[PDB]
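Just one chain is shown here, as C-alpha cells, and it is the form deposited in one PDB entry.
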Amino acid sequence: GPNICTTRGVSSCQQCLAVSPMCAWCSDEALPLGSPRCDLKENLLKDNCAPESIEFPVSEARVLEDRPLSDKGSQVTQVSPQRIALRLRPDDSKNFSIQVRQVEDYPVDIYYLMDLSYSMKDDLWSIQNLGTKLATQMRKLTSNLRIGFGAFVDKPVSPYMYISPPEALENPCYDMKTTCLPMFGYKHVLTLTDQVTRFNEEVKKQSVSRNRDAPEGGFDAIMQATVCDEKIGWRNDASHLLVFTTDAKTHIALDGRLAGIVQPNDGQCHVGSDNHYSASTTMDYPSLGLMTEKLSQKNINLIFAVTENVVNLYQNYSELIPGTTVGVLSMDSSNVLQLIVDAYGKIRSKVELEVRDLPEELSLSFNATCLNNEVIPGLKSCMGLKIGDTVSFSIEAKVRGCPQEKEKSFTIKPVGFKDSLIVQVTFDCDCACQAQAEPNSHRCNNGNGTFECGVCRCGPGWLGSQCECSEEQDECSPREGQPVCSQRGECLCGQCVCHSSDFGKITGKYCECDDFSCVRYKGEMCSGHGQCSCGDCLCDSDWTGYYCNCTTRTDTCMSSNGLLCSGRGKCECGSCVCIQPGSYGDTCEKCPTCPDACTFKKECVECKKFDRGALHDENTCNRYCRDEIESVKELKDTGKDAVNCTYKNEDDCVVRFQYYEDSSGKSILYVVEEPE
C-alpha cells in the first residue's frame, strides 16, 4: 500500500526515519527489488524482513531527574522534571508535562532605592522609620528577608547643579538660607542584611541634596544596584525586589550630553571601595534595554513608586519593562509600605515562563492548564495564583531538520525564580546498516562502487546493484498522461533520477514533491514561521492557524475580569473580536444590552448546585462559576452599595442576592442558602 513512506523516501534509512515517526526501514539485502523498503512495520514483517534489519526508531521525552516538588522553601525544587534528556528525530516534535509551582516560604531580597533631590525632603523625614515596618509585614509572607538602602540625585556636573560663588562648588545650597549637601550621582549605603534595624540606622544619617533641573538620575542608580552582584549581597535562591521611589521625572540616556558626558554606559558596575558611583561624571545614563536585560539576568523585580504627578508616566514605563509594577506614592510618602506588599502579591500572582538559549531550529508551543482543568490552548502564563498553588503546562518542541550540533541545550524558567529546567536535546540521525557499509564492493561494477543498506552506488547514468543499464524501459510515472518523472528526472532503467538543482534536491518516488516552493504571508516563507510541504504551509510548534500568521500571544486578549476576550469573543492572533452585538471594549467587556450579574451568572445555583441544564458535558460548568460562594442566609443588607436582585424559579420561589462591584470588581457571591 503506497503511503508517505513509500513514494517519498526511496534513498536511505536515514530519510526513512526522517520523514515520519511511523516509517520503518528494512535492511535485508535479499529483499526482491521493487517492493517498498520503507513502509509499515506490519508490512515489512509480512515481507519476512530480517528482525535485525528492521529499523524502528522512536523519539522519547525521557526524564532524568524527577525529584518531588517541595512543600516549603526551607535543593528546594519548584520546576519538575529538573532536567530532561530529550531525544528528537528530524522534522518531529515531542511533548512533556512541566509542573511549575510557587513554593511558599521563598526567601525575599529587597533593595530600597531612593531619590534625594531638593523636593524629597519631607519624604525622607517620613521614611526614617521604614524597614522595621516592612519586616513586620513580610514575616507573614516568607521566613528569610533581607533589605538594602540606596540614594541618588544626578550627575555631579554643570549645568545640572549650582556652583557659584566658588564657595558654592561645595555647597550648591547657598542662595537659599538653609544649606544642603553637595553633588552626587549614586551612593550605595547598606548591603542586604538579616538585621532589619540596619536599614533604619543607615537612613537617619542621610540628608537631602539640591540640583537645578527637575528630572533626576535614578537609572544610573538602578543599573549599579543591579550589576554589582557581589557588592549588594544578592542571594541566588531568593526573590529579588528593587524598590525605586521618586517624585519627579527621571533622566534617561543621552540626557547627559548637556554636560559633555558622552561615554555610553558599559553595563558593568563601577562602585569602588568608597561605595560611590565613580564614573558618574564620565559615563552616560542607562538605556531601557540594558536596564531590562540586567534586571532579567540577576532575577531582579522592579517596583516603581512615583507620585501621582507622574504615575501616568511610570505606568507608561513599567509596561515597556516586564516584571515591573507601578504605584501611587503620596507626597508625604506614607503609603510605600502597603504599596510594596501589594506589589509583592502582584508579582507572585503572575506566573510566566521564559525560554533562553533556545536554538532557532526549535520552537515551543505552550498550552497552559492552570487551576481546575482549563486546558487553555495557546497560553503560557496564569494569573490569580495563590501562594502554595501548583500549575501545569504542556510544552512541545519541534525541530527544523537534523542540526549539525549533536548536543544542544536551552532553559525554561519561571520569572524571577532560581530553579529552572535544563533541556538536553539530542538529534538521533543514525541507522544500523550504516555501520556495516561495504565500500568498493565487487558487485558494484567490478569494484568501483560502495555497497550499503542494499544498494550499489553506480556512477552517473548507471543504476542498479550491478550497473547493468545506462541508456535503453519501464513505466516511470504513476499515470500515462502524467509527465515522465514530473518533468524533473530521467526514466533511467525504470527509475527516475531527479535532475540537479542549484537550490537543493528533488525527492519523491517520481521526483514529484519539492522542498523550496511554498507560499508566503509577508515576504517570508510561510510567514517565516512555517515549513515547506509540497505546496502547502505547515507551521512550527507554537504557530497556529493555516497561514502560520500568529503565535500564542494573549497579552491584549487578557481581561481584567480574568479570561480571554472577557466572556464573548475568540482570541484570534492575540486580539479579541466582539461576537455579542453592541459589546465593545479592550476585550469586548462593556455591553449595555448584555445580562447583568443577577441574570446570566445564576448557574452557580444551577450548574454548581442541583446540576442540571446546559454546559453539563463540557468543561464550562465551573469555568464561569468560580466566585466566592458565601453561605449567607437573607441578611438585612438588601441593597446598600450595589443593586439587590430577586428572581422567580420554576416552582415560584424567590432567591435574593447582591453583588455588583466593591473595588474594581469582586467575584464574591451572596446567594442565600435556603430558598423561599
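We call the rigid core the largest set of C-alpha positions that still match within 1.5 Å between the two forms. One-based numbering along the sequence shown.
K.L.:
How many residues that are in the deposited sequence but not in the model lie between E472 and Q473: none, 1 to 3, 4 to 9, or 10 or more?
P.N.:
According to the record, 4 to 9 deposited residues lack coordinates from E472 to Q473.
K.L.:
Just how many deposited residues go unmodelled from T599 to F600: none, 1 to 3, 4 to 9, or 10 or more?
P.N.:
Gap size class: none, per the record.
The same protein also exists as the form deposited in another entry; that form is not shown, yet it is the one meant from here on.
K.L.:
Only one of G461, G267, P182, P359 crosses a C-alpha shift of 2 angstroms between the shown form and the other one, counting 2 angstroms or more, core aligned. Which residue?
P.N.:
Everything else stays below 2 Å; the exception is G461.
K.L.:
With both forms fitted on the core, give yes or no for whether the Cα of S27 moves by 2 angstroms or more between the shown form and the other one.
P.N.:
False for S27: its C-alpha shift is below 2 Å.
K.L.:
If we fit on the core, is the Cα of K41 displaced 2 Å or more between the shown form and the other one?
P.N.:
True for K41: a C-alpha shift of 2 Å or more.
K.L.:
After superposition on the rigid core, does the Cα atom of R443 shift by at least 2 Å between the shown form and the other one?
P.N.:
Yes: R443 shifts by at least 2 Å between the shown form and the other one.
K.L.:
Say whether the C-alpha atoms of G459 and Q404 sit closer together or farther apart in the other entry than in the form shown here, given that their separation changes by 3 Å or more.
P.N.:
Result: closer.
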